[PDB]
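Below is one structure, written out as structure tokens; the observations come after it.
In what follows, chains are A, B, ... by sequence order, proteins preceding strands, each numbered from 1.
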Amino acid sequence: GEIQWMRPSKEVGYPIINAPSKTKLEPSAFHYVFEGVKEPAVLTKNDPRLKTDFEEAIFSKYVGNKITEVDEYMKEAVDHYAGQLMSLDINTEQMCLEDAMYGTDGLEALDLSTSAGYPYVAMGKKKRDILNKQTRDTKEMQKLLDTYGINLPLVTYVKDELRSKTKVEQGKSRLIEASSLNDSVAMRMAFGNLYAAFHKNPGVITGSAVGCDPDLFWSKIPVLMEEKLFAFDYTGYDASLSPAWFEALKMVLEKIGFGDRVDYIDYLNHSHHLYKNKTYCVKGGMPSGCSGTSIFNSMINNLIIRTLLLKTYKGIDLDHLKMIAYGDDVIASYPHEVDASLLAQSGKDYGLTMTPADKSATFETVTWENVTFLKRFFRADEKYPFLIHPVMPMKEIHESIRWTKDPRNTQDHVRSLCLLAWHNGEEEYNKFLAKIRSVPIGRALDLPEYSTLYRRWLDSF
RNA sequence: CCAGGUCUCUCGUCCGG
Ligand SMILES: [Zn+2]
């Protein structure tokens with residue numbers, strides 16, 4: 001990522017755009033029942049909690065471009081990854097405007113609850129206005145595509161979401177790029193059969209977890225991994241992706257049959273964003289509010305890792321690589337042990353900031369007792385050891401419960417957190433129900449019992 | 001009165017076969 005210029009958008013004929021300026025998070029019934037260190041993220045420049053300049057902070061992530069050329073380790077990685085995907089027999093055809101708009105097997109419909117973005121947003125126009133799920137009417141969309149085309153600017157927003165104390169003071173509020181309806185539709189027409197293939201095949205062939213259900217997948221994962229685990233964190237993954245990675249991606253796409261629409265990837269790489277009263281231009285990087293980001297980022301991870309293993313270990317057989325990524329998040333295995341500090345080493349040379357997994361001070365052996373994926377741990381059931389619980393820690397569930405975006409949701413919300421928390425075990429789950437019930441509104445809530453949740457789990461297998 | 005992206009999973013409401 002790398003800004004290439006800002007400037008009042010007035011002098012370039014673009015609309016001013018009024019971001020909402022107030023959080024929607026409000027303390028919960030359970031704010032004082034449970035402890036927690038997190039709070040709403042900074043939404044504006046004029047925020048009392050700020051120990052630093054906002055805009056400087058939120059635009060700090062665009063760090064520059066280490067490389068641009070696809071060297072020969074990347075090339076082999078590309079070759080190896082593309083060959084795996086080839087075994088999925090992915091339909092390489094354009095998706096029709098109807099499926100792209102309304103969904104097919106393996107691809108949901110466009111979210112009607114969200115913005116349609118530029119320019120529809122400066123026209124007071126909405127997705128619901130354009131799209132009809134019932135009739136599956138395409139006439140209106142096609143006219144808007146014909147009229148406004150593709151490759152439109154994005155609209156920058158700051159995400160309203162809980163954030164820790166130090167990220168509040170540091171103004172590390174995260175940013176959002178409202179992709180345009182036109183571009184979502186074009187991206188799904190081109191890539192829809194790709195996204196569908198990935199959603200239908202979470203596992204070690206796609207090397208992606210998109211489409212999985214942790215409650216069930218977790219029992220599948222250890223059997224898919226090779227003997228020895230390794231993993232690490234990135235710092236600013238999207239921001240740190242240099243053009244070379246996007247070329248390598250394009251190469252994978254040519255290799256599995258999407259040659260004709262890799263130009264869509266370039267378009268993603270040069271993008272104009274309108275934030276508030278100005279307008280910038282990033283070169284490199286992929287906006288996160290774009291279609292397929294989630295899948296493309298998982299794809300890049302698979303290349304990034306392959307690249308580093310080939311560079312670091314002479315004669316490593318990639319055929320014994322087993323990894324599953326969900327964007328930057330990854331869990332990886334190999335029949336003999338690999339040193340992620342050494343992997344993090346070579347990653348320095350590609351713009352990649354790789355730190356011990358799980359905020360640890362040091363790189364340490366990754367074990368089935370310490371590895372985490374999608375924020376959850378792995379723990380065999382006590383009675384059926386082949387069945388593995390995805391264990392999210394109560395700390396996180398505690399953070400969530402102390403807040404709400406509408407108290408009308410308390411029952412749905414809390415009940416959802418129970419489906420996460422019982423994996424921590426009967427003694428810890430019951431404690432949870434204690435506290436929730438320690439206040440009156442809690443005792444209004446119908447909450448499942450450990451045994452109900454447990455039977456449901458065993459049955460779901 | 002609204003206003004804030006892409007996705008996945010699940011749950012709930014409701015409604016169908
Ligand atoms: Zn530009």
>> Over 60° means perpendicular and under 30° means parallel, so tell me whether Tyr267(A) and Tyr264(A) are parallel, tilted or perpendicular.
In response: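 Ring orientation, 0 to 90° scale: perpendicular.
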Only distances under 3.5 Å count here; give the side-chain donor-acceptor pairs of residues 444-453 of chain A to other protein atoms, sequence neighbours excluded, each with its distance to 0.1 Å.
unit_1    : atom_1 : unit_2    : atom_2 : d
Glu449(A) : OE2    : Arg437(A) : NH2    : 3.3
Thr452(A) : OG1    : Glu449(A) : N      : 3.4
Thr452(A) : OG1    : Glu449(A) : O      : 3.2

> For residues 194-212 of chain A, which residues have at least one heavy atom under 4.0 Å from RNA chain B?
Replying inline: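 Output list: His199(A), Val210(A), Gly211(A), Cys212(A).
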>> Short of 4.0 Å, heavy atom to strand atom, which residues of residues 428-446 of chain A count as contacting RNA chain B?
In response: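 Result for residues 428-446 of chain A: none.
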Whole angstroms only, please: what is the [atom1]-[atom2] distance between [X] and [N]?
X: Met392(A); N: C9(B); atom1: CE; atom2: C1'; answer: 11 Å
X: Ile324(A); N: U8(B); atom1: CD1; atom2: P; answer: 18 Å
X: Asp328(A); N: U8(B); atom1: CG; atom2: P; answer: 18 Å
X: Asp213(A); N: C7(B); atom1: CG; atom2: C1'; answer: 16 Å
X: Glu108(A); N: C7(B); atom1: CD; atom2: P; answer: 10 Å
X: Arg415(A); N: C11(B); atom1: CZ; atom2: P; answer: 10 Å
X: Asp412(A); N: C14(B); atom1: CG; atom2: P; answer: 11 Å
X: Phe373(A); N: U8(B); atom1: CZ; atom2: P; answer: 16 Å

Counting only heavy atoms from other residues, nucleotides and ligands, does the tally under 6.0 Å from [atom1] of [X] exceed 12?
X: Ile441(A); atom1: CD1; value: no
X: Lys165(A); atom1: NZ; value: no
X: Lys395(A); atom1: NZ; value: no
X: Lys126(A); atom1: NZ; value: no

Applying a 4.0 Å non-hydrogen cut-off, can you work out what [X] is touching in the nucleic acid: base, sugar-phosphate, or nothing?
X: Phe217(A); result: nothing
X: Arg456(A); result: sugar-phosphate
X: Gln411(A); result: nothing

> Which nucleotides of nucleotides 1-6 of chain B have their base under 4.0 Å from a protein heavy atom (B), which only their sugar-phosphate (S), and which neither (-), written as one string 5' to 3'?
Replying inline: --BBBS
> So among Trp218(A), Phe373(A), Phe377(A), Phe378(A), which one has a ring-ring contact (aromatic ring centres under 6.0 Å, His included) with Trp368(A)?
Replying inline: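 Exactly one option meets the ring-ring contact (aromatic ring centres under 6.0 Å, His included) with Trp368(A), and it is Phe378(A).
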> Given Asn182(A), which of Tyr120(A), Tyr148(A), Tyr118(A) fulfils the side-chain hydrogen bond (donor to acceptor under 3.5 Å, both in side chains) condition?
Replying inline: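 When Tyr120(A), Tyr148(A), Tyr118(A) are each tested with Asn182(A), the side-chain hydrogen bond (donor to acceptor under 3.5 Å, both in side chains) holds only for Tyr120(A).
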>> Tell me which one of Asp329(A), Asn301(A), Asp328(A) satisfies side-chain hydrogen bond (donor to acceptor under 3.5 Å, both in side chains) with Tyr234(A).
In response: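 Output: one option passes, namely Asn301(A).
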> Got a sec, which residues hit side chain to side chain donor-acceptor pair (under 3.5 Å) with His270(A), two or more places apart in sequence or on another chain?
Replying inline: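 With neighbours one apart ignored, the set is empty.
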>> Can you list everything that forms a side chain to side chain contact (heavy atoms under 4.5 Å, CB included) with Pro8(A)? Sequence neighbours excluded, please.
In response: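 Testing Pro8(A) for side chain to side chain contact (heavy atoms under 4.5 Å, CB included), a comparison that skips the adjacent residues, returns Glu11(A).
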